[PDB]
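We place every Cβ from the backbone using ideal geometry, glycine too, and count neighbours over all the protein chains shown. Any read-out appearing in this document is the output of simple, stated calculations on the displayed coordinates, not a laboratory observation.
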């Protein structure tokens, strides 16, 4: 797809990986709870 | 881009060209006015 | 002689008064030049949005019943291009249909139909078309998904919600869902994919905002497909029609920054304090209305593509509808009235 | 001895009372470990959204002035990763900045900065950053462009509007724009890209909906970046602050089916008749707030990417700001108050 | 289709039944009682 | 950043100053005068 990728995605945020890391990721609770009990153990 | 095209464009409407024609296009007035006077002439 | 039996809605006292037995159709031909005749195999039932018919204002005494159809193409008009006889298609009848869906043959515009993928049966597909499209509408045009966003599906346990959740998981979203009965929580437990959290409103205490917010840990929820709002009955006649819907304010605080609230509620009062809360959170508010594609029908191509892709999702197995046991046609009217009152949380489908 | 002069906003009587001369900064070092010191070359002026500062509630007597900065990196803290001294960057100071932008050096968090592309000068870039980002916000997150959609830019002749229009044309949109002065219509005539139509509200008759609707020929406008709404002053004190903004209802009818209204107005009253009009048209309503990226700052990466891509657009020449002649620093305060009252329709930039 | 949608919004248009009294109304409702 | 945004909405939350009287208010404003 030549024109289509231009049409559907005019702006991309994934152009820069280094900045892409900086934005806040989803607050997965479950992984934290697993680290809580495992760290306590 | 492998994952990126999947992420940014989960659904595409351009999968089908034949249906793509069917949807209403923009009402360009200027082209109509040019056909109006040219057809009158 | 040969007759085809069709149920008809009667317009009286602006809503809630639908009744009549199915009336005959005699010697119906396939007239018009873009309308095809189907051997209808399956018809799904949906609560009729009668108020929308009334403000839509067509002047019939009898309105056709049944709109979510699957069947086999008997014959086509001369200008038909995408379809041949014996073909197997599925589709939504328009809201202003000439012919009812509760009938074994149907004349329908050809661009309301899409081919059925070979893996899916008639009754599942036909029971999936309408909730598949309104859900796909909710999650892909009004609200824009991408994996990593947090999605709240309120009353996800209902027939619509299962398709909304499965669409969200299919797009890598993390889902918080609200359940009303304990058995509805059990249904959320029964999902093969594990949803992030189940939030219970069954108790007298309502903790939708607080518990849902702590699930996002203060980050906030981006996409709330709320079924309804408890607004405008808070001080006058609480629980109109016995509703225990979420309060507007708890939803509006619950919405995360830059979030998308897609709402179903037709009468929405947005107070200036609330519109300042949204202004601060940069939130988008969108209105879910499935039937814009039949009555207004401007972007017919987009919608038509939607249904076939919804069937591609059904063929892959992403959607699994919440079907009840299918019924014969003559018993549908007795069911329909209760369906007219409320959804039974199990999709009711007439199979031919 | 050596001193750096910085203008400071004073918080009094909730708004409109800003005044003070610039106050010295003495022996400021580059302390903290993610804040870099810049030789500021250019500072753009914007009307201070003071009400947002008041409800944002920080307790300072003096607030830093100037936020749209371009300059050269003098030195960095130890944890700085993306930036080296002598580098040339541009950026928005946060709303809760410690240091003013009206000063020749600045300490600023490093993720508010982006490198300047070599083709653009200091003053143009710095005068473009803020309207570039709020416009790019308006047209790419709240409202989703694609060529073929119709975009209404209301008061497009202003400093912001030029970037909004040029962004829309750069994304293949067709634009209807409203002009208030005759000279503003002349400016729309002066655009090198030819916009589809110019709609005039200069006359006493207001024909925004009717004329704009017939430009879409009944199809309707999808994306209305309205500057303001004339609502809540219709019956009481008409034209508060001498406003001749569009009526809410003409906008809401004007919006096309499935359209996106992106609004700036902080206090929005959505009546149930209007919310039924939106429910029928399946429209999305989104709230434009640029500064969610500094104060809330959740998706810092997305915004940071936005600015560099805005500079890539500036380097290609897509944006051309509506700059006034740049000014020296000491004359800025006399300008700033009128800028504080209203935009002059020419961007005012202090150059160092 | 295009004529249908044009007919849709021409049907849809409703006159300006102006009603923005909320800011005074919040006081008005309470004081009336 | 994450602590800042969490602080943002915890600051942002406001109590339920319930005000939905519009449907009765439309009549109420006019009848009061």
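Here are some notes:
- The single residue among C:150, C:177, C:146 that is closer than 23 Å to residue D:260 by Cβ and surrounded by 23 or more Cβ atoms within 10 Å (Cβ to Cβ) turns out to be C:150.
- Scanning the stretch D:262-284 for residues that are closer than 17 Å to residue D:137 by Cα and either out of contact with any helix residue (DSSP H, G or I) (no Cβ under 7 Å at 6 or more places or on another chain) or within 14 Å of chain A (Cβ to nearest Cβ) (or both) turns up D:263, D:264, D:265.
- Inside the stretch D:1-12, residues that are over 17 Å from residue D:47 (Cα atoms) and assigned to a loop (DSSP other than H, G, I, E, B) make up a count of 2.
- Enumeration of residues in the stretch D:314-352 that are part of a helix (DSSP H, G or I), touching a helix residue (DSSP H, G or I) at 6+ places or on another chain (Cβ under 7 Å) and surrounded by fewer than 22 Cβ atoms within 10 Å (Cβ to Cβ): none
- Sole exception among (1) assigned to a loop (DSSP other than H, G, I, E, B); (2) touching a strand residue (DSSP E or B) at 6+ places or on another chain (Cβ under 8 Å); (3) more than 14 Å from chain A (Cβ to nearest Cβ) for residue D:289, by number: (2)
- Condition broken by residue D:238, with the remaining ones in (1) over 27 Å from residue D:200 (Cα atoms); (2) without any contact (Cβ under 8 Å) to a residue 24 or more places away in the chain; (3) within 14 Å of another protein chain (Cβ to nearest Cβ) satisfied: (1)
- Answer residue from the stretch E:1-20, given it is more than 8 Å from chain D (Cβ to nearest Cβ) and not in a helix (DSSP H, G or I) and is surrounded by the fewest Cβ atoms within 10 Å (Cβ to Cβ) among those: E:15
- When the stretch D:298-316 is limited to residues that are touching a residue at least 12 places away in the same chain (Cβ under 8 Å) and more than 12 Å from chain A (Cβ to nearest Cβ), the one that is farthest from residue C:149 (Cα to Cα) turns out to be D:315.
- So residue D:42, is it exposed (fewer than 13 other Cβ atoms within 10 Å of the Cβ) and either in contact with a strand residue (DSSP E or B) (Cβ under 6 Å, 6 or more places away or on another chain) or not in a loop (DSSP other than H, G, I, E, B) (or both): no
- In the stretch F:21-33, the residue that is surrounded by the most Cβ atoms within 10 Å (Cβ to Cβ) out of those that are in a helix (DSSP H, G or I) and at the interface with another protein chain (Cβ under 7 Å from one of its Cβ atoms) is F:22.
- Out of C:28, C:95, C:74, sole residue that is more than 22 Å from residue C:303 (Cβ to Cβ) and assigned to a loop (DSSP other than H, G, I, E, B): C:28
- Taken over the stretch D:60-71, residues that are within 25 Å of the chain's Cα centre (by Cα) and over 20 Å from residue D:31 (Cβ atoms) amount to 6.
- None of C:18, C:92 is in contact with a helix residue (DSSP H, G or I) (Cβ under 8 Å, 6 or more places away or on another chain), within 19 Å of residue C:127 (Cβ to Cβ) and buried (at least 16 other Cβ atoms within 10 Å of the Cβ) except C:92.
- As a summary of the residue check, residue C:211 satisfies the conditions (1) within 14 Å of another protein chain (Cβ to nearest Cβ); (2) surrounded by 19 or more Cβ atoms within 10 Å (Cβ to Cβ) except for the one numbered (2).
- Test: residue D:245 is at the interface with another protein chain (Cβ under 7 Å from one of its Cβ atoms), in a loop (DSSP other than H, G, I, E, B) and either in contact with a strand residue (DSSP E or B) (Cβ under 7 Å, 6 or more places away or on another chain) or over 14 Å from residue E:9 (Cβ atoms) (or both): no
- For the stretch D:59-67, the count of residues that are at positive phi, in contact (Cβ under 8 Å) with a residue 40 or more places away in the chain and outside any strand (DSSP E or B) is at least one.
- Condition met for residue C:80 (more than 28 Å from residue C:343 (Cβ to Cβ) and not in a strand (DSSP E or B)): yes
Quick grid of which residues meet (1) within 12 Å of chain B (Cβ to nearest Cβ); (2) within 30 Å of residue A:30 (Cα to Cα):
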site	(1), (2)
C:86	no, no
C:97	no, no
C:103	no, no
C:106	no, no
C:127	no, no
C:145	yes, yes
C:157	no, yes
C:161	no, yes
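- Of the helices (runs of 4 or more DSSP H) lying entirely inside the stretch D:108-215, those containing at least 1 residues that are under 28 Å from residue C:285 (Cα atoms) are D:122-137, D:159-170, D:208-215.
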